[PDB]
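See below for the structure under consideration.
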Amino acid sequence: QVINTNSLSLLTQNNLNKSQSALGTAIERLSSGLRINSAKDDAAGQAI
Amino acid sequence: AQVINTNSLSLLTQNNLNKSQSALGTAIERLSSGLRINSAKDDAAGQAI
Amino acid sequence: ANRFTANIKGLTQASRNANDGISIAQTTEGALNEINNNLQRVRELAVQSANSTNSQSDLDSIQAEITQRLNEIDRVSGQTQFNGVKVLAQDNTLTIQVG
Amino acid sequence: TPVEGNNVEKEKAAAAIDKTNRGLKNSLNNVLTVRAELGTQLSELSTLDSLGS
Amino acid sequence: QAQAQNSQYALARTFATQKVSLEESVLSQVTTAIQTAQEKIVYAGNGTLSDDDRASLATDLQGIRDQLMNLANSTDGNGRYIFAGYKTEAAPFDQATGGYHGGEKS
Amino acid sequence: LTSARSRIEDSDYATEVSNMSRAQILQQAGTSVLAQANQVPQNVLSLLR
Amino acid sequence: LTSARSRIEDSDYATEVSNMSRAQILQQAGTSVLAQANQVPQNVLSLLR
Amino acid sequence: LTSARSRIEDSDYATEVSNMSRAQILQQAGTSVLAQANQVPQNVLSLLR
Amino acid sequence: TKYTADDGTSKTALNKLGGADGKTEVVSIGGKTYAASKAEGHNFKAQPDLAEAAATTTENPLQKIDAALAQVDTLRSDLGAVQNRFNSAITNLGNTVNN
C-alpha cells in the first residue's frame with residue numbers, strides 16, 4: 001500500500017507545515033519589533 | 001530523554017532574567033530621582049510620614 | 001496533558017490581567033501625586049493668609065491663587081482617564097481576576 | 001450589553017462569567033472523558049486485529 | 001511480572017514527584033510572605049508612629065495575610081486542593097477566620 | 001500610557017528567539033525524517049523485484 | 001524636620017550603585033546561559049536523523 | 001519671543017538620542033533576522049533534492 | 001450669567017453682589033448661590049455637584065485641609081499595597097506556569 005507507505009510520508013509532511021508556520025510567525029514578530037503585527041495577533045488587545 | 005518541543009531549561013532561564021530586570025529598573029529609578037521613596041509602592045508609611 | 005494545557009493558558013492570561021491592574025493603579029497613583037502637591041501648596045497659602053498685616057487687596061490676590069489651585073484639582077479629578085474610562089470622577093470599586 | 005455608570009449589570013455580568021468558567025472546566029473534563037472512552041476502544045481493537053491475523 | 005511491578009513503582013514515583021515539586025514551590029512563596037510579615041511587625045514596634053500610620057501598616061499586613069490565605073487554598077494541575085489532605089474536593093481553610101476544615105490524616 | 005501600550009504591544013526578545021530556534025530544529029528533523037520516509041518504499045521495491 | 005524627612009525619603013548613592021552593578025552582571029550572565037541552553041537541542045539534532 | 005520660538009523649533013537632544021539608539025538596535029536586529037530568513041527556508045529544501 | 005439649566009434648556013440669570021469680601025458677583029439657581037465665573041456657561045443639567053460661593057472668612061481652614069490630606073495619603077497607601085500584591089501574584093503565576 002503505497003498509501004500505507006505514503007501514509008508515512010504525508011503525515012510527516014503535515015508536521016512540517018505546522019512547524020514552518022510557527023517559524024514564520026516567530027521571525028515576523030522578531031523582525032517587526034512588535035507582538036501585534038496584525039489584528040490576527042490579538043484582536044481585542046490590538047484595539048486597546 | 002532528549003526532548004525537542006519544550007526546552008524546559010530555556011523557560012527556566014527566562015525567569016531569572018526577569019527578576020534581574022526588575023532589580024536593575026528599581027536601582028536606576030532611585031539613583032536618577034535621588035529618592036528612595038519614588039512611588040507609593042516603595043513605602044506606604046514612609047510616604048505618609 | 002490537555003488539562004495541564006488548559007491551566008497553562010488560563011494562568012498566562014491571568015498574569016496579563018495582573019499587568020492590566022498594575023497599569024491602572026499606577027495611573028491613579030500618578031494623578032494622586034499631583035493632587036497631593038497642590039494640597040501642600042494650598043496649605044502653604046492658608047498659612048500665609050493669617051497675617052494681620054495683609055491688606056484686603058492682598059487677601060484678594062491670595063484668594064485668586066487658591067481658586068486657581070482648586071480649579072486645577074477639579075480638572076485632575078474629572079479629566080484623567082485610562083483606556084477611555086475615567087478613574088476618579090466617583091467613588092469606585094473594581095475586581096481584577098488574578099487567578 | 002453596555003455597563004458603564006450603571007450598577008447591577010456589571011455584577012450580573014460578573015456572576016455570568018463565573019458560571020461560564022465553572023461550566024467550561026466541567027465540560028473540559030467531560031470531553032476528555034469521552035476521549036478516554038474512544039481511546040479505550042481504539043488500541044484494544046488494534047491488538048485484537050493483530051490477534052485476529 | 002517483576003518487570004511490570006517495577007513499571008508500577010515507576011508510575012508511583014512519577015505521580016508523587018509532580019505533587020511534591022508543587023508543594024515545595026508554594027511553601028517557598030509562603031516563606032517569603034512570612035518574612036515580609038516579620039519585617040512589618042518590627043516596624044510596628046516604633047513608638048512614634050501615629051495612629052493613622054499604624055493603620056497603614058495594618059492595611060499592609062492585611063494584604064500579606066490574605067495573600068497567605070490565597071497560598072493556603074492553592075490547587076494542583078487538575079483542580080484539586082493540595083493542602084486539604086484527603087479531602088481534595090473542597091478548599092480547606094475558611095476565608096474569614098482561618099479555621100481549618102480539611103483532612104487531618106496525611 | 002506608554003508603559004501600558006508597551007505591555008500590550010511589544011514582542012519579547014527572549015521568548016521569540018527561543019521559539020524561532022525550536023521551529024528551525026523541528027524543521028530540520030522533519031525534513032530528515034521525510035527523506036527516511038521516502039526511503040521506506042525503496043526497501044519493498046528492492047526486495048521483491 | 002528637614003533632616004528627619006531626608007532620613008526617611010532619600011536614597012543612598014552607594015547602595016543603589018552597588019545594586020545596579022549586581023543586576024547588570026546578573027543580566028549579562030543570564031543572557032549568555034540562555035544562549036547555551038538554546039544551543040543544546042541542536043546538539044541532540046547532531047544525532048542526524 | 002526668542003524663548004517661544006525655541007519652544008517651537010528646537011530638537012530635544014535627550015529624546016532624539018534615545019530615538020536614534022532605538023532605531024539603530026532595530027536595524028541590527030532586522031539585518032540579522034533577514035540573514036537567517038534568506039537561508040532557512042530555501043536551504044532546508046536541498047536536503048531532499 | 002448664562003447656562004444650560006435644570007430642565008435641559010438654556011437659561012440666564014442676573015448678577016448679584018456677594019462673597020466673603022461682599023463685593024464679588026454671584027448668581028443663584030434654585031436657591032443655591034454661585035459665583036459668576038464658576039457658573040457661567042455651566043451645564044447644570046449634568047454636574048449639580050458643583051461648589052457654591054462663600055459667605056464668610058473660613059475660620060479654621062488648616063484643620064479641614066489636613067483632614068482631606070490624610071484621606072488622600074490613606075488612599076495612596078492602599079494603592080501601593082495593592083500594587084505589591086499584584087507583583088507577588090505575577091511572580092507566583094510565572095513560577096506556576098513554568099512548573
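By convention in this document, the chains of the C-alpha cells carry letters A, B, ... by their order, each chain's residues are numbered from 1, and ligands are numbered from 1 in the order they are shown.
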
Might you pull out every residue within 7 Å of residue 37 of chain B, with only C-alpha atoms counted and same-chain residues fewer than 5 positions away left off, and present them as an mmCIF file with N, CA and C atoms, in the first residue's frame?
```cif
data_model
loop_
_atom_site.group_PDB
_atom_site.id
_atom_site.type_symbol
_atom_site.label_atom_id
_atom_site.label_comp_id
_atom_site.auth_asym_id
_atom_site.auth_seq_id
_atom_site.Cartn_x
_atom_site.Cartn_y
_atom_site.Cartn_z
ATOM 1 N N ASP B 42 6.828 51.938 46.982
ATOM 2 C CA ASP B 42 8.040 51.715 47.763
ATOM 3 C C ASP B 42 7.722 51.536 49.241
ATOM 4 N N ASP B 43 7.117 52.551 49.860
ATOM 5 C CA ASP B 43 6.952 52.563 51.312
ATOM 6 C C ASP B 43 5.727 53.416 51.635
ATOM 7 N N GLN B 47 5.833 57.138 52.819
ATOM 8 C CA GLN B 47 5.114 58.146 52.053
ATOM 9 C C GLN B 47 4.363 59.081 52.980
ATOM 10 N N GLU G 9 13.262 59.789 53.359
ATOM 11 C CA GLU G 9 12.958 59.870 51.932
ATOM 12 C C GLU G 9 14.125 59.406 51.073
#
```

Next on the checklist: Considering only helix (DSSP H, G or I) as DSSP defines it on the backbone, what residues of chain G qualify? List them as a VMD selection string.
Outcome noted: chain G and resid 2 to 9 13 to 45

Item to check | Nearby residues (only C-alpha atoms) at most 6 Å from segment 79-89 of chain E, same-chain spacing under 2 positions excluded, as a VMD selection string | outcome: chain E and resid 74 to 77 92 102 to 103 106

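Every residue of chain E that lies within 10 Å of chain B is listed here, counting only C-alpha atoms: residues 43, 49, 50, 52, 53, 54, 55, 56, 57, 59 and 60 of chain E.
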
Item to check | Test item: residues at most 10 Å from residue 44 of chain H, only C-alpha atoms, excluding those fewer than 2 positions along its chain, as a list in words | outcome: residues 24, 27, 28, 31 and 32 of chain F; 39, 40, 41, 42, 46, 47, 48 and 49 of chain H

Checklist entry - Neighbours of residue 43 of chain G within 12 Å (only C-alpha atoms; same-chain residues fewer than 4 positions away dropped), as a list in words? => result residues 2, 3 and 4 of chain B; 25 of chain F; 36, 37, 38, 39, 47 and 48 of chain G

Residues of chain F that approach chain B to 9 Å or less, counting only C-alpha atoms: could you list each one with the shortest pair of atoms and its distance in Å to one decimal, rows by chain and increasing residue number, as a Markdown table?
```
| residue | atom | partner | partner_atom | distance |
| --- | --- | --- | --- | --- |
| F:14 | CA | B:14 | CA | 7.3 |
| F:15 | CA | B:14 | CA | 8.0 |
| F:18 | CA | B:10 | CA | 7.5 |
| F:22 | CA | B:5 | CA | 6.7 |
| F:23 | CA | B:5 | CA | 8.7 |
| F:25 | CA | B:4 | CA | 7.9 |
| F:26 | CA | B:4 | CA | 7.4 |
```

Export N, CA and C atoms of the chosen residues as a short mmCIF file (atom, residue, chain, number, x, y, z; two decimals), in the first residue's frame?
```cif
data_model
loop_
_atom_site.label_atom_id
_atom_site.label_comp_id
_atom_site.auth_asym_id
_atom_site.auth_seq_id
_atom_site.Cartn_x
_atom_site.Cartn_y
_atom_site.Cartn_z
N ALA F 14 13.48 37.44 24.18
CA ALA F 14 13.91 36.10 24.56
C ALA F 14 12.93 35.04 24.10
N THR F 15 11.64 35.24 24.38
CA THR F 15 10.64 34.23 24.06
C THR F 15 10.65 33.91 22.57
N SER F 18 13.73 32.05 21.33
CA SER F 18 13.63 30.64 21.68
C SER F 18 12.67 29.90 20.76
N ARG F 22 13.45 26.66 18.31
CA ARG F 22 12.68 25.41 18.33
C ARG F 22 12.14 25.09 16.95
N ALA F 23 11.56 26.08 16.29
CA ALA F 23 10.95 25.84 14.99
C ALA F 23 11.98 25.38 13.97
N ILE F 25 14.82 23.82 14.48
CA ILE F 25 15.31 22.48 14.75
C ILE F 25 14.26 21.45 14.37
N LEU F 26 12.99 21.71 14.71
CA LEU F 26 11.93 20.81 14.30
C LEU F 26 11.85 20.71 12.79
#
```

Checklist entry - Which chain E residues are at most 12 Å from chain I (counting only C-alpha atoms), as number ranges by chain? => result E: 17-30, 32-33, 36, 51-68, 70-71, 74-77

Item to check | Å distance separating atom CA of residue 87 of chain C from atom CA of residue 28 of chain C, one decimal place | outcome: 7.2 Å

Item to check | Selection near segment 24-27 of chain A, 8 Å with only C-alpha atoms, sequence-local residues under 6 positions removed, as a PyMOL selection string | outcome: (chain F and resi 16-17+19-20) or (chain H and resi 33+37)

Excluding residue 20 of chain C and residues on its chain fewer than 2 positions from it, collect all residues at most 12 Å away from it, counting only C-alpha atoms, and give them as a PDB file with N, CA and C atoms, in the first residue's frame.
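The resulting file, out.pdb, is shown below:
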```pdb
ATOM      1  N   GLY A  45      -6.918  43.134  22.309  1.00  0.00           N
ATOM      2  CA  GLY A  45      -5.795  43.915  22.781  1.00  0.00           C
ATOM      3  C   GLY A  45      -5.254  44.842  21.720  1.00  0.00           C
ATOM      4  N   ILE A  48      -7.291  47.893  21.975  1.00  0.00           N
ATOM      5  CA  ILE A  48      -6.936  48.645  23.175  1.00  0.00           C
ATOM      6  C   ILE A  48      -5.623  49.399  22.968  1.00  0.00           C
TER       7      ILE A  48
ATOM      8  N   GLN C  13      -2.982  34.228  30.731  1.00  0.00           N
ATOM      9  CA  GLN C  13      -3.855  35.381  30.541  1.00  0.00           C
ATOM     10  C   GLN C  13      -4.132  36.077  31.869  1.00  0.00           C
ATOM     11  N   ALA C  14      -4.216  35.310  32.957  1.00  0.00           N
ATOM     12  CA  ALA C  14      -4.406  35.927  34.264  1.00  0.00           C
ATOM     13  C   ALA C  14      -3.233  36.826  34.623  1.00  0.00           C
ATOM     14  N   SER C  15      -2.017  36.404  34.287  1.00  0.00           N
ATOM     15  CA  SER C  15      -0.863  37.268  34.503  1.00  0.00           C
ATOM     16  C   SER C  15      -1.019  38.571  33.731  1.00  0.00           C
ATOM     17  N   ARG C  16      -1.501  38.479  32.492  1.00  0.00           N
ATOM     18  CA  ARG C  16      -1.763  39.707  31.746  1.00  0.00           C
ATOM     19  C   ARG C  16      -2.784  40.579  32.472  1.00  0.00           C
ATOM     20  N   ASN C  17      -3.805  39.958  33.067  1.00  0.00           N
ATOM     21  CA  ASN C  17      -4.779  40.724  33.846  1.00  0.00           C
ATOM     22  C   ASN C  17      -4.097  41.472  34.981  1.00  0.00           C
ATOM     23  N   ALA C  18      -3.215  40.786  35.703  1.00  0.00           N
ATOM     24  CA  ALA C  18      -2.474  41.443  36.771  1.00  0.00           C
ATOM     25  C   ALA C  18      -1.734  42.657  36.244  1.00  0.00           C
ATOM     26  N   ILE C  22      -1.914  46.591  37.362  1.00  0.00           N
ATOM     27  CA  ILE C  22      -0.792  47.441  37.751  1.00  0.00           C
ATOM     28  C   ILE C  22      -0.816  48.729  36.940  1.00  0.00           C
ATOM     29  N   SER C  23      -1.170  48.633  35.658  1.00  0.00           N
ATOM     30  CA  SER C  23      -1.210  49.829  34.822  1.00  0.00           C
ATOM     31  C   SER C  23      -2.230  50.835  35.346  1.00  0.00           C
ATOM     32  N   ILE C  24      -3.469  50.385  35.561  1.00  0.00           N
ATOM     33  CA  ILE C  24      -4.497  51.315  36.020  1.00  0.00           C
ATOM     34  C   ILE C  24      -4.124  51.893  37.381  1.00  0.00           C
ATOM     35  N   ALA C  25      -3.626  51.046  38.281  1.00  0.00           N
ATOM     36  CA  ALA C  25      -3.245  51.521  39.601  1.00  0.00           C
ATOM     37  C   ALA C  25      -2.175  52.594  39.498  1.00  0.00           C
ATOM     38  N   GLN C  26      -1.192  52.390  38.623  1.00  0.00           N
ATOM     39  CA  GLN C  26      -0.111  53.360  38.541  1.00  0.00           C
ATOM     40  C   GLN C  26      -0.595  54.676  37.958  1.00  0.00           C
ATOM     41  N   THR C  27      -1.533  54.636  37.012  1.00  0.00           N
ATOM     42  CA  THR C  27      -2.099  55.896  36.534  1.00  0.00           C
ATOM     43  C   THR C  27      -2.780  56.646  37.676  1.00  0.00           C
ATOM     44  N   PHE C  82      -8.185  56.320  31.587  1.00  0.00           N
ATOM     45  CA  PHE C  82      -7.365  55.165  31.261  1.00  0.00           C
ATOM     46  C   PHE C  82      -8.134  54.312  30.269  1.00  0.00           C
ATOM     47  N   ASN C  83      -7.562  54.108  29.083  1.00  0.00           N
ATOM     48  CA  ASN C  83      -8.192  53.255  28.083  1.00  0.00           C
ATOM     49  C   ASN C  83      -9.491  53.873  27.581  1.00  0.00           C
ATOM     50  N   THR C  95     -12.715  44.765  40.728  1.00  0.00           N
ATOM     51  CA  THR C  95     -12.053  43.485  40.949  1.00  0.00           C
ATOM     52  C   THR C  95     -11.262  43.098  39.707  1.00  0.00           C
ATOM     53  N   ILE C  96      -9.998  42.740  39.902  1.00  0.00           N
ATOM     54  CA  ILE C  96      -9.165  42.170  38.849  1.00  0.00           C
ATOM     55  C   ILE C  96      -9.075  40.673  39.083  1.00  0.00           C
ATOM     56  N   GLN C  97      -9.094  39.900  38.004  1.00  0.00           N
ATOM     57  CA  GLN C  97      -9.055  38.446  38.093  1.00  0.00           C
ATOM     58  C   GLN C  97      -7.606  38.005  37.946  1.00  0.00           C
ATOM     59  N   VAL C  98      -6.996  37.601  39.060  1.00  0.00           N
ATOM     60  CA  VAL C  98      -5.573  37.280  39.091  1.00  0.00           C
ATOM     61  C   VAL C  98      -5.302  35.787  39.149  1.00  0.00           C
TER      62      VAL C  98
ATOM     63  N   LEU F   1       0.832  55.674  30.034  1.00  0.00           N
ATOM     64  CA  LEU F   1       0.159  55.089  28.884  1.00  0.00           C
ATOM     65  C   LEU F   1       1.161  54.403  27.975  1.00  0.00           C
ATOM     66  N   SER F   3       3.889  52.886  28.903  1.00  0.00           N
ATOM     67  CA  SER F   3       4.214  51.597  29.504  1.00  0.00           C
ATOM     68  C   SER F   3       3.113  50.574  29.250  1.00  0.00           C
ATOM     69  N   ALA F   4       1.855  50.970  29.439  1.00  0.00           N
ATOM     70  CA  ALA F   4       0.765  50.018  29.237  1.00  0.00           C
ATOM     71  C   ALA F   4       0.685  49.568  27.782  1.00  0.00           C
ATOM     72  N   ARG F   5       0.776  50.514  26.845  1.00  0.00           N
ATOM     73  CA  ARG F   5       0.817  50.141  25.438  1.00  0.00           C
ATOM     74  C   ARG F   5       1.953  49.171  25.185  1.00  0.00           C
ATOM     75  N   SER F   6       3.127  49.456  25.744  1.00  0.00           N
ATOM     76  CA  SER F   6       4.267  48.571  25.554  1.00  0.00           C
ATOM     77  C   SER F   6       3.930  47.160  25.996  1.00  0.00           C
ATOM     78  N   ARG F   7       3.298  47.030  27.157  1.00  0.00           N
ATOM     79  CA  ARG F   7       2.981  45.698  27.644  1.00  0.00           C
ATOM     80  C   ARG F   7       2.043  44.974  26.692  1.00  0.00           C
ATOM     81  N   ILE F   8       1.042  45.674  26.165  1.00  0.00           N
ATOM     82  CA  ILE F   8       0.109  45.010  25.256  1.00  0.00           C
ATOM     83  C   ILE F   8       0.792  44.661  23.938  1.00  0.00           C
TER      84      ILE F   8
ATOM     85  N   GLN I  83      -0.678  47.308  44.602  1.00  0.00           N
ATOM     86  CA  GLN I  83       0.324  47.086  43.564  1.00  0.00           C
ATOM     87  C   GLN I  83       1.294  45.990  43.970  1.00  0.00           C
ATOM     88  N   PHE I  86      -0.114  42.680  43.517  1.00  0.00           N
ATOM     89  CA  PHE I  86      -0.097  42.288  42.112  1.00  0.00           C
ATOM     90  C   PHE I  86       1.269  41.770  41.693  1.00  0.00           C
ATOM     91  N   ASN I  87       2.337  42.431  42.132  1.00  0.00           N
ATOM     92  CA  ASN I  87       3.668  41.956  41.768  1.00  0.00           C
ATOM     93  C   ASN I  87       3.897  40.542  42.281  1.00  0.00           C
ATOM     94  N   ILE I  90       2.091  38.095  40.150  1.00  0.00           N
ATOM     95  CA  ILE I  90       2.762  37.874  38.872  1.00  0.00           C
ATOM     96  C   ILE I  90       3.907  36.886  39.037  1.00  0.00           C
TER      97      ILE I  90
END
```

Item to check | Shortest interatomic distance to chain C - which of E:97, E:104, E:90, E:78, counting only C-alpha atoms | outcome: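 Of the candidates, the smallest distance to chain C is held by E:78.
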
Checklist entry - From the set I:94, I:5, I:79, I:72, which residue has the shortest atom-to-atom contact distance to residue 42 of chain I, counting only C-alpha atoms? => result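 Nearest to residue 42 of chain I: I:5.
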